[PDB]
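Enquirer: Respectively, the protein sequence lines represent chains M, V, O and 0.
Count along the first sequence starting at 1, add 9, and that's the number in the deposited numbering.
Quick note on numbering: the second sequence equals residues 29 to 292, 312 to 406 in the deposited numbering.
Count along the third sequence starting at 1, add 207, and that's the number in the deposited numbering.
Count along the fourth sequence starting at 1, add 5, and that's the number in the deposited numbering.
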Amino acid sequence: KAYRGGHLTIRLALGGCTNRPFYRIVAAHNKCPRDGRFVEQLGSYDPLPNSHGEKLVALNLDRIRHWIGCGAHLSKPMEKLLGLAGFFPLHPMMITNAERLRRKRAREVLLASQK
Amino acid sequence: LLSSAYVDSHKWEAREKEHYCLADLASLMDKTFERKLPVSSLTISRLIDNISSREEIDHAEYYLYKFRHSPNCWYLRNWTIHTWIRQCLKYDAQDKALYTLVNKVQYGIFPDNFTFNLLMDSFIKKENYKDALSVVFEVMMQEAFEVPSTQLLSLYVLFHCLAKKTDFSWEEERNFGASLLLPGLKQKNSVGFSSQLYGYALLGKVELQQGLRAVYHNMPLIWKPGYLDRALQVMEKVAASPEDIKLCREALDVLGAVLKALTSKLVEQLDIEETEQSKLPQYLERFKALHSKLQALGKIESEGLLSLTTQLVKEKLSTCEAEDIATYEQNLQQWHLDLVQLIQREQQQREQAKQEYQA
Amino acid sequence: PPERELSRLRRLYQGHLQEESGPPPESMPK
Amino acid sequence: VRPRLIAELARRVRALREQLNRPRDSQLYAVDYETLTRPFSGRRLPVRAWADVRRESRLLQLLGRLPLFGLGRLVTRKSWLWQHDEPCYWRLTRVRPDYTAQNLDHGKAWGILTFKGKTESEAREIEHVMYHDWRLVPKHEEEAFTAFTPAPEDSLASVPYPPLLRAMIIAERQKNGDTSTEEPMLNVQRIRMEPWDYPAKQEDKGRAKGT
């Protein structure tokens, strides 16, 4: 299939069932449907903690590097996941959101102290 | 104020002219515009060259308007503008020349310094100082104070008009301040520095009362605050100036009056910078201290601005006129060469088209 | 940030500003 | 295959009619200052531009008041003046006015760019010519306006690798027999982060289609 323009991007395709999400890390054309045709599956991500209290992320680092070297883009959640893995620097928004949460909790503690 | 030799029209009357009936060229241009095709600069040059009556000036005005709104507006030649102004002066149509100069955007009339001087001197000779002031303001708007003669004439006209003015609109204040600052900056004498101080005072009053945008918007002026500080810097410069440089008492009195009247929409400045309205008191203190200093050193001139400018004009305008006349001679020769080249190109293209058609 | 840059931003966003945020807590508040 | 000739005819006719009914700059980039909407399309301008649209001038609103349309003059922008302390401006070299405009206040321009005091080598087309963001540098101020002392532009020459990637590189080196203790390092000398407001290539930009 020929799309007008477009590019490859590594992103999360949502599968699973209602109230039970699961993600497949796939390199796909940006114009394709979210859970449709993809070029290659580059990993997986289970956002629900398991019996060990862990969120399992599988990353095909070799193929991820290959597709990044082939010109593939990255969705923002993937940038955050790779920053969490230590493969990339931490995305600026993770740092900013952490600081915002710190300030909000400081405000809450100050409210408690004032009361 | 300009000599007869400067304003003499004999040599422009003697230019090589190819005669046409204005009606024919007008019809050709009308057909070309109807066909949505570009008109050559040569055609409009011929049309302007062949104005032979006051009504043909009315027609040439319309066709200048049409050429300005055409694809080849950029190619309107300097000799065409000079010839337009010469014709307007010849057939007692200075009002039309001034109208086209004021509405330069709609007509593309951007004269050179010689032509500005011709128009200004015609108005001055007929004692029509209001239109001379209009021409001076148009010179200011085009930033055409690069020739000393224009600077001197504009300063004379400005001071003559200012000696008899009491009620000031802020637009008039802005125009006068710009028109006296620009030529004053190019004259390194007492008149020039006094003009600098006076114009800075006027522009500073406008800045403080109406804001800085009112000063720099659609004007040849900078968008940095501190015009009164620049006037005080002119005073300080005169303090450290050679002996001959002095400052007129009238300009200092104007600056003092502005400061005494001042000490009695989007924000464009950073909030960390001090506003001028909060610097007015130290401006007043600096003005008083510098005035006493200049009085002590004897750097204050008691002669009025108008008389001083008249004396400077009588001293320098002759040499300025000589230089301008020589440059005008050179420009006429070059214009003749360019016009002949254009005519040759047009004729070659027409004959080549004929050798194409004969097959 | 330097004060000059903050003033520049305040000029750029006149009338559409929040309260300036200081340095965040060093540790996560408990 | 049964040929589709009507499609050929339609595409050719539409191409010709689009090439002959081109909307001009005076039509595309006119604005109703009371409602701040484009009469050509009716789409309203973004809020953050409104004030500027009512206060600043378009480039050719300045150039049409000058001899030769201001060739060789310096033109700067209000946004550049606010954002940057170093001089930013265009030195005009070519102007193509839109003759259809009543005041000749629309058109195209080319020039040499100086951004943050760094001049370019060639002359290229100017973008955002139709924006209400333009100011003209007075001739008696140019010497003061263009003055710039190039400060030492010494930035980081290299940065650390991300943790996992650094660990993988070190592990690969140790596996391949290399025992070097030098940290893996990412060279960033070839990465010049250009400011987001730098002029882009107007030659590659598109144009609004006539409708």
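Heads up, the beta-carbon is just placed ideally off N, CA and C, and yes, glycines get one too.
For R211 (chain O), count neighbouring C-beta atoms within 10 Å of its own C-beta (all shown protein chains included) and say buried if the count is 16 or more, exposed if not.
Expert: Exposed, by the Cβ-count rule.
Enquirer: Check whether chain V comes within 7 Å of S214 (chain O), counting only Cβ atoms and requiring the distance to be less than that.
Expert: Closer than 7 Å to some Cβ of chain V, the Cβ of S214 (chain O) qualifies, so yes.
Enquirer: Going by DSSP, what residues sit across from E41 (chain V) in a beta bridge?
Expert: The partner list for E41 (chain V) (beta bridge, DSSP) is empty, contrary to what the question assumes.
Enquirer: Can you give me, in chain order, the residues of the region 164 to 189 of chain 0 that have a beta carbon less than 7 Å from any beta carbon in chain M?
Expert: Result list: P167, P168, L169, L170.
Enquirer: How about residue 4 (chain M): is its C-beta nearer than 7 Å to some C-beta of chain 0?
Expert: Nothing about residue 4 (chain M) can be read from this structure; chain M reaches only from 10 to 124.
Enquirer: Which residues of chain M have a Cβ atom closer than 9 Å to the Cβ of residue 266 (chain O), listed in chain order?
Expert: Residue 266 (chain O) cannot be examined here, being either before or after the span of chain O that is shown, 208 to 237.
Enquirer: What is the residue span of the beta strand (DSSP E) that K312 (chain V) lies within?
Expert: Careful: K312 (chain V) lies outside any beta strand (DSSP E) and carries neither H nor E.
Enquirer: State buried or exposed for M169 (chain V), treating a residue as buried only when at least 16 other CB atoms are found within 10 Å of its CB.
Expert: That one is buried.
Enquirer: Using a Cβ-Cβ cutoff of 7 Å, what residues of the region 78 to 95 of chain M are near chain 0? List them in chain order.
Expert: Per Cβ criterion, the list reads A94, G95.
Enquirer: Compute the Euclidean distance between the alpha carbons of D90 (chain 0) and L317 (chain V), then round it to the nearest angstrom.
Expert: So the two alpha carbons sit approximately 12 Å from each other.
Enquirer: Hey, how far is the Cα of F142 (chain V) from the Cα of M148 (chain V)?
Expert: Spanning the two alpha carbons is a distance of roughly 10 Å.
Enquirer: Below 9 Å on C-beta distance, what does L317 (chain V) contact in chain O?
Expert: Chain O residues near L317 (chain V): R211, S214, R215, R217, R218.
Enquirer: Going by beta carbon distance, what residues of the same chain come within less than 8 Å of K346 (chain V), once the five residues before and after it are set aside?
Expert: Around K346 (chain V): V266, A267, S269, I273, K274, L275.
Enquirer: Measuring CA to CA, which of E44 (chain V), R333 (chain V), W102 (chain V), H38 (chain V) is closest to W382 (chain V)?
Expert: Ranking the options by Cα distance to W382 (chain V), first place goes to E44 (chain V).
Enquirer: Using 6 Å as the cut-off, classify the Cβ of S62 (chain 0) as near or not near the heavy atoms of the ligand FMN, replying yes or no.
Expert: Within the structure as shown, the ligand FMN is missing, as the structure has no ligands at all.
Enquirer: By how many angstroms is the C-alpha of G205 (chain V) removed from the C-alpha of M198 (chain 0)?
Expert: Near 44 Å, if we compare the C-alpha coordinates of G205 (chain V) and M198 (chain 0).
Enquirer: Could you pull the start and end residues of the alpha helix (DSSP H) that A22 (chain M) belongs to?
Expert: From DSSP, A22 (chain M) is part of no alpha helix (DSSP H) but of the beta strand (DSSP E) over 17 to 26.
Enquirer: Please confirm whether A56 (chain 0) has its beta-carbon closer than 7 Å to some beta-carbon of chain V.
Expert: It does; some Cβ of chain V falls within 7 Å.
Enquirer: Less than 7 Å separating the beta-carbons of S31 (chain 0) and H111 (chain 0)?
Expert: A contact, by the Cβ cut-off of 7 Å.
Enquirer: So, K144 (chain 0) versus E166 (chain V), is the Cβ gap smaller than 7 Å?
Expert: No, they are not a contact pair.
Enquirer: Just mark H47 (chain V) as buried or exposed, buried being the case when its beta carbon has 16 or more other beta carbons within 10 Å.
Expert: Burial call: exposed.
Enquirer: Between which two residues does the beta strand (DSSP E) holding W112 (chain V) run?
Expert: No beta strand (DSSP E) holds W112 (chain V); the alpha helix (DSSP H) holding it covers 106 to 118.
Enquirer: From which residue to which residue does the alpha helix (DSSP H) around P176 (chain V) run?
Expert: Note, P176 (chain V): alpha helix (DSSP H), 176 to 190.
Enquirer: Against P101 (chain M), what residues of chain 0 qualify as contacts under a CB-to-CB distance less than 9 Å, listed in chain order?
Expert: Ordered by position in chain 0, no residue passes the 9 Å Cβ test against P101 (chain M), which lies about 14 Å from the chain.
Enquirer: Can you tell me the Cα-Cα spacing of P209 (chain O) and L216 (chain O), whole angstroms?
Expert: Looking at the two C-alpha atoms, the distance is approximately 11 Å.
Enquirer: For the beta strand (DSSP E) containing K113 (chain 0), name the first residue and the last one.
Expert: Per DSSP, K113 (chain 0) belongs to the beta strand (DSSP E) from 112 to 120.
Enquirer: Which residue spans inside the region 19 to 104 of chain 0 form an unbroken beta strand (DSSP E) run of at least 3?
Expert: Fully enclosed beta strand (DSSP E) runs of 3 or longer: 79 to 82, 94 to 102.
Enquirer: Would you mind telling me which residues of chain V sit closer than 8 Å to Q225 (chain O), beta carbon to beta carbon, in chain order?
Expert: Those within 8 Å of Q225 (chain O) in chain V number zero; the least Cβ separation is about 16 Å.
Enquirer: Is there a Cβ from chain O that is less than 7 Å from the Cβ of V48 (chain M)?
Expert: Closer than 7 Å: no.
Enquirer: Find the residues of chain O that neighbour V118 (chain M), judging by a C-beta separation of less than 8 Å, and give them in chain order.
Expert: Under the 8 Å cutoff, chain O gives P236, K237.
Enquirer: What's the gap between the Cα of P51 (chain 0) and the Cα of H137 (chain 0)?
Expert: Computed Cα separation, rounded: 13 Å.
Enquirer: Check this for me: beta carbons of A343 (chain V) and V282 (chain V), under 7 Å apart or not?
Expert: Not closer than 7 Å, so no.
Enquirer: Is there a Cβ from chain 0 that is less than 7 Å from the Cβ of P98 (chain M)?
Expert: Yes, its Cβ sits closer than 7 Å to a Cβ of chain 0.
Enquirer: Run the CB neighbour count on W201 (chain 0), radius 10 Å, all protein chains shown included, and call it buried at 16 or more, exposed below.
Expert: Classification of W201 (chain 0): exposed, given that the 10 Å Cβ count is below 16.
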